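Below is one structure; the comments refer to it alone.
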Amino acid sequence: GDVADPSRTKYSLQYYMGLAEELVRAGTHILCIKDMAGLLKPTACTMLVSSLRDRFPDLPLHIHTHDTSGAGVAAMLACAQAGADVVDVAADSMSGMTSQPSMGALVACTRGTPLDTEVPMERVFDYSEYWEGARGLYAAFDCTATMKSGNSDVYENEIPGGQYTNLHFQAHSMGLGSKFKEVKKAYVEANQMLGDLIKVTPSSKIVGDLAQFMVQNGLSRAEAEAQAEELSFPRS
Amino acid sequence: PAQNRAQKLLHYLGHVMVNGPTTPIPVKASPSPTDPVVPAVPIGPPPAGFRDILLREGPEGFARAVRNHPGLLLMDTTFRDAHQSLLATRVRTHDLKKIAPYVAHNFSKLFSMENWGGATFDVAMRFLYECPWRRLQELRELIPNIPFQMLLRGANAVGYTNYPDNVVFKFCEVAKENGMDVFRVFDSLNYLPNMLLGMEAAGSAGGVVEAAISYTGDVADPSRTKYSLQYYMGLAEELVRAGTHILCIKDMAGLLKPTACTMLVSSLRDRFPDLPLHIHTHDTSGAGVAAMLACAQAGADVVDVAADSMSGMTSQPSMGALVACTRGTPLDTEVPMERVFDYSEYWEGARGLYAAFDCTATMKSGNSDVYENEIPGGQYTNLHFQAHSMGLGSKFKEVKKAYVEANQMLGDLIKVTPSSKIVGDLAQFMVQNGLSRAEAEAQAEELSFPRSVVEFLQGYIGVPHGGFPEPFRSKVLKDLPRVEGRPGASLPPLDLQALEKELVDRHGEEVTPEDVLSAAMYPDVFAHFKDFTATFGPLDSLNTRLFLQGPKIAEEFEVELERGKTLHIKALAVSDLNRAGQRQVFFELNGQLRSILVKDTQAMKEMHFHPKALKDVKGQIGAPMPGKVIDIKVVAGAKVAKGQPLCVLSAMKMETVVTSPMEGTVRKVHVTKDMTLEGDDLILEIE
Ligand SMILES: O=CCCCC[C@@H]1SC[C@@H]2NC(=O)N[C@@H]21
Ligand SMILES: O=CCCCC[C@@H]1SC[C@@H]2NC(=O)N[C@@H]21
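Structure, rendered in structure tokens:
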């Protein structure tokens, strides 16, 4: 969802704060916000992380996102400014797109501020160069075969990074590769039909299997809900 | 004269089937077999945009309307800057026209669209064999409501050398007449006298003058004193006093960190409250979206963006990312996200047609080493392709290190075209010869530097901030002539009427003012472009796959020449080689058999290279690069002095003068005019 969007009432700021209170009462050492799709906009980051920090001044706050939207670096900088203690990053050659924000970008942007990571940039470059060579050994599995950059349609479809790559490979294996735009639209419809549940493994796969099933059978949401007693749905 | 357009197109298609691509392909990738899907466009004229204000109220009215706009304005680089960086400016007029009506309707609120200047002018003629002026005119008809923006070099227009002032003025006049609206005037060294001429030329044409300060260094780093905040503020004061309508910060490499953005843009806004501030960056570091958000928060009125599938890496920040991040804030762009997605999907398909030129063949993501090397987006892609062509591809890390050393040796000048190329040529020269900075500076009287480095040190591009590096300049130049002041100011006015008459005598009565200016700026390129289009016809009518790879046997396709004139073409067969060294290509054209005789150089290609220069024999002069012999300045038996010109090589589009390392007598010359040499091939012997 989007805590900065007052029209999205199901996954509101109050929902996140109430769940954080139950997890803190249960004795968590660290509280994590896991944005598995890259949906945290910088404004939503600021609002959520400051509210958590104000409520829990002594608790470590860890923020995880994906750079699927191409805004993940800006989102993590906004979290850090709002009082996150830790952010998830990847080596630069293993960052961006459906991965985490760039380590070198975060280290460079925080340098000489109160948020400095103290990581030497030369060490990040040598680390990235190794991973650039190593990624070349995995060209047969690289998401860049199908997705050349981040995509902002993730704010509409809410498909997690690892599910996007898998759903595309599955759609291609089923002869639906030319219809992958219809599969993404059906993923939104399937999420709503299922009740707009959080989408991460395995729930992200359940929505994916339903979306492929709808596109394969030429079904709209309304037809799939009307015929729900007659249709053989995916096992998941 | 009967028009023969269809036969000329079949001759091009037959040429590509026999000889391969006419455009040099840098990587073994094939264009997509599928054409891009064009999104649906409303029937009617597009909504009124910022161009309607510019046409009604002039440049100052436009600048006031930009400053008074509630929210962040966007400018689209996809039309030029985005591909220049990603696909090396290879994007064709054909693909730009297909999406243009969609842009006009859905992006009517853009500040401007950047679609012409920079490398697009030369590249259109040289490599795409299309007229850049026709591209401007046809796009202006399809997009009547958005201001068109160009990147203009101040005293060089879109060219690579300095021109007489009357050529720069006449270029800006004819560019404005052809529908150019905004002139982003920059200099490669921020050399104010070159910028002032370009501002005066663009303003006198009735264009919107946008004076652009090229950004280098780090204003947030107190150790970097040369390009300090005070340097940028002082140059901004001179450009504002010179009557700029808009002030641009041009970060050509992606060096603006969010803290540096905040500091520079707030200081400019506090100094100039009523002046529009335009910020341009590249996303080379992967921080460009965060940098543009920091500029917008610091009071920038406009930021450069690209379509999402044409953004990131060496391109601009993502349009969809900026639109999404500003939504529901005081900086909202009011652009609907669905329209950005449809625009990106078209460009994702279109980018697939250019896979043969894609920077992702060599660079898989942005790279933060740009904060150390300061290599601009378009120079990074070109420097890598050049290094690979010279057998230095495995040493590209050494080339990047040598680029830093070369920048320092040259004096840490701003690095943008052509100064970014000058540093690149020196860096490749250092790595090729195994030279450190200290060795290259020590041996500066003995070494034959790249022509671009020599011409820079002579002053042919203007004067760098802080002056030229001494004693290094004096050692390289010796007795070579030096240009003091502005290089164009000493050139006699070009007689454009005499040139028009020469072109009419050579090409017939259809010569236009645009043709005269194209010939004035790029004589050899324009001549080659006219001869090529005289042979092969209007290649802009072909889709990009057929232009690059030609048709497959039994492939059928349509070519629209003009509204209501479609050619149905099918490729049928290619014959064996005849006794004249030609193949016969068979087509069906509108249900009829056609055949064309073509020429297969590949079928019959052979050569032999004798020449080698012993590295230990000072009198044996080897070729310093692979290249073609343009001129031979000496004969056997001639006495030669140390530093005397011996031959001229033309390689990588750069005349290199080979000079004598010693005094002596030329014993033997081993080369001829038009001979192709490899590296170290023996040119001549000196005793
Ligand atoms: O091919 C079969 C599945 C292979 C594992 C896919 C993983 S499970 C963790 C993550 N979440 C998903 O929905 N898919 C991936
Ligand atoms: O292959 C020869 C050069 C082709 C044009 C390269 C363009 S000029 C504009 C931009 N700046 C550079 O340094 N290179 C590109």
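Line by line, the protein sequences are chains A and B. 1 is the number of the first residue of the first sequence in this note's numbering; add one for each residue after it. 1001 is the number of the first residue of the second sequence in this note's numbering; add one for each residue after it. Ideal Cβ positions, reconstructed from N, Cα and C, are used throughout, including at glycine.
Out of the options, which one is the CA nearest neighbour of residue i?
i, options, result
"B:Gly1234", "B:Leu1264, B:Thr1259, B:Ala1427", "B:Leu1264"
"A:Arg235", "A:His66, A:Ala226, A:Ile206", "A:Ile206"
"A:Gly1", "A:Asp196, A:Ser204, A:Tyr164, A:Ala226", "A:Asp196"
"B:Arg1563", "B:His1015, B:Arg1224, B:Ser1541, B:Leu1572", "B:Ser1541"
"B:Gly1637", "B:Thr1665, B:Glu1348, B:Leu1677", "B:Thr1665"
"B:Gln1428", "B:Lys1397, B:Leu1277, B:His1094", "B:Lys1397"
"B:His1282", "B:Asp1270, B:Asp1301, B:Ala1298, B:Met1319", "B:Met1319"
"B:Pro1132", "B:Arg1092, B:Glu1141, B:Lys1170, B:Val1167", "B:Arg1092"
"B:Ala1088", "B:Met1113, B:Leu1054, B:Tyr1354", "B:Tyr1354"
"A:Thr68", "A:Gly150, A:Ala171, A:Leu210", "A:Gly150"
"B:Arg1126", "B:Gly1159, B:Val1041, B:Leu1247, B:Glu1484", "B:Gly1159"
"B:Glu1441", "B:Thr1417, B:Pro1469, B:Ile1414, B:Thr1566", "B:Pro1469"
"B:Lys1618", "B:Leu1677, B:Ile1683, B:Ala1006", "B:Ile1683"
"B:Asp1095", "B:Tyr1343, B:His1608, B:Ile1053", "B:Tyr1343"
For residue i and residue j, what's the separation of their Cα atoms in angstroms?
i, j, result
"B:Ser1575", "B:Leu1480", "56 angstroms"
"B:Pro1471", "B:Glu1445", "10 angstroms"
"B:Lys1653", "B:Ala1623", "16 angstroms"
"B:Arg1594", "B:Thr1034", "26 angstroms"
"B:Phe1183", "B:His1245", "10 angstroms"
"B:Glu1556", "B:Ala1104", "32 angstroms"
"B:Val1209", "B:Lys1109", "20 angstroms"
"B:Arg1327", "B:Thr1535", "53 angstroms"
"A:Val124", "B:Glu1500", "58 angstroms"
"A:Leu231", "A:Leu194", "15 angstroms"
"B:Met1180", "B:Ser1032", "32 angstroms"
"B:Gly1488", "B:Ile1461", "9 angstroms"
"B:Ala1527", "A:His64", "58 angstroms"
"B:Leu1539", "B:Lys1639", "52 angstroms"
"B:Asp1081", "B:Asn1115", "8 angstroms"
"B:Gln1149", "B:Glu1130", "20 angstroms"
"B:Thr1314", "B:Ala1253", "8 angstroms"
"B:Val1168", "B:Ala1157", "6 angstroms"
Beta-carbon within less than 6 angstroms of residue i's beta-carbon, same chain only, minus the 5 sequence neighbours each way: which residues are those?
i, result
"B:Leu1197", "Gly1154, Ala1155"
"A:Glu189", "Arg221"
"B:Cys1172", "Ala1201, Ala1202, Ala1205"
"B:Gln1084", "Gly1118, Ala1119, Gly1378"
"B:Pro1036", "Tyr1346, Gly1349, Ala1350"
"B:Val1516", "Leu1496, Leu1499, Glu1500"
Tell me the DSSP secondary structure of residue i in three-state form.
i, result
"B:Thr1512", "coil"
"B:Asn1578", "coil"
"A:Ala226", "helix"
"B:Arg1583", "strand"
"B:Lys1673", "coil"
"B:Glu1685", "strand"
"B:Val1209", "strand"
"B:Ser1420", "helix"
"B:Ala1573", "strand"
Give a yes or no on whether the minimum CB-CB distance between residue i and chain C is below 9 angstroms.
i, result
"B:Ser1318", "The displayed structure is made up of protein chains A and B, and chain C is not among them."
Once you ignore the five residues that flank residue i on each side, which residues in its own chain have a CB closer than 7 angstroms to its CB?
i, result
"B:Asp1680", "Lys1612, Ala1613, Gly1622, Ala1623"
"A:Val215", "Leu176, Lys179, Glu182, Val183, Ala186"
"A:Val3", "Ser12, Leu13, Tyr16, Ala44, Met47, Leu48"
"A:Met94", "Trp131, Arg135"
"B:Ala1361", "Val1027, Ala1029"
"B:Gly1312", "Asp1283, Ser1318, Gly1366"
"B:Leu1548", "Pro1021, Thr1023, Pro1031, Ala1356"
Only counting the same chain, and skipping five residues up and downstream in sequence, which positions put a Cβ closer than 8 angstroms to that of residue i?
i, result
"B:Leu1072", "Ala1296, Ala1300, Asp1301, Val1302, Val1303, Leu1322, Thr1326, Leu1331, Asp1332, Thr1333"
"A:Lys199", "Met36, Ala37, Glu158, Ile159, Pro160, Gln163, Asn191, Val207"
Below 8 angstroms, is the gap between the Cβ of residue i and the nearest heavy atom of ligand 4?
i, result
"A:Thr201", "This structure does not include ligand 4; its bound ligands are ligand 1 and ligand 2."
Ignoring anything shorter than 4 residues or poking outside the stretch 127-183 of chain A, list the alpha helix (DSSP H) runs there in chain order.
Taken in chain order, the unbroken stretches of alpha helix (DSSP H) that lie wholly in the stretch 127-183 of chain A and span 4 residues or more are 154-157, 161-173.
Ignoring anything shorter than 3 residues, give me the beta strand (DSSP E) runs that lie fully in the stretch 1227-1311 of chain B, in order along the chain.
Counting only runs of 3 or more, we get 1246-1250, 1277-1280, 1302-1305.
Entirely within the stretch 1125-1167 of chain B and at least 3 residues each: give me those beta strand (DSSP E) ranges in chain order.
Within the stretch 1125-1167 of chain B, the complete beta strand (DSSP E) runs of at least 3 residues are 1148-1153.
What beta strand (DSSP E) runs, 3 residues minimum, are completely inside the stretch 1038-1126 of chain B?
Along the length of the stretch 1038-1126 of chain B, whole beta strand (DSSP E) runs at least 3 residues long occupy 1073-1076, 1112-1117, reported in chain order.
Complete alpha helix (DSSP H) runs within the stretch 1458-1499 of chain B (minimum length 4 residues, chain order)
List check, alpha helix (DSSP H) in window: 1472-1477.
Run through the stretch 91-125 of chain A for me and flag every whole alpha helix (DSSP H) of 4 or more residues, listed as ranges in chain order.
DSSP runs (the alpha helix (DSSP H)) wholly in the stretch 91-125 of chain A: 103-110.
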